[PDB]
Structure formats: C-alpha cells, structure tokens
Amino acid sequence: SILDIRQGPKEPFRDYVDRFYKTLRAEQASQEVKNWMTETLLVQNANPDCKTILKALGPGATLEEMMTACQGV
C-alpha cells in the first residue's frame, strides 16, 4: 500500500521517491488522487527534517526542486 511508503531516517530522498513511485505504479486509484498522492502524500510521508523542508517550499514545487531542497539532510 502506498500509505506504507515512509522515508527512512537515513534514507536519501531520491531512493524514497523511487520506492514511492514504484508502489505508486501498482496502486489502484484514479489519476486525480494519484496526482494528490504525488503532490501531497509524498510530502506527508517524508522523514521529519526533509518533511519540514518540503512543507516550507509551499505549493507547486517540482520533484527536482524537492530533491535539491532536501540534499542537505
């Protein structure tokens, strides 16, 4: 289940995104709620620090902006 993909405390954000999208590929869900899972569920399940940074970026942030912003974690 996609709701079980949570970024580990040491896990790099790129690997977490990879697992999140891999499990995202099998999820049985409409394309709008999959867009909500990419935009919002990904942020909610990140580890604490990278979650703080990702929330700080506000709305509309791309996956590349999100990956650059968390590279200091």
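Note that residue numbering follows the sequence shown and begins at 1.
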query: Of 40-48 and 27-35, the stretch whose C-alpha atoms average the higher B-factor in the entry; finding: 27-35
query: Higher-B stretch (mean Cα B-factor, as the entry records it), 53-61 or 8-16; finding: 8-16
query: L3 CA temperature factor, ranked by third within the chain; finding: middle
query: Ranked against its chain, the third holding the CA B-factor of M66; finding: middle
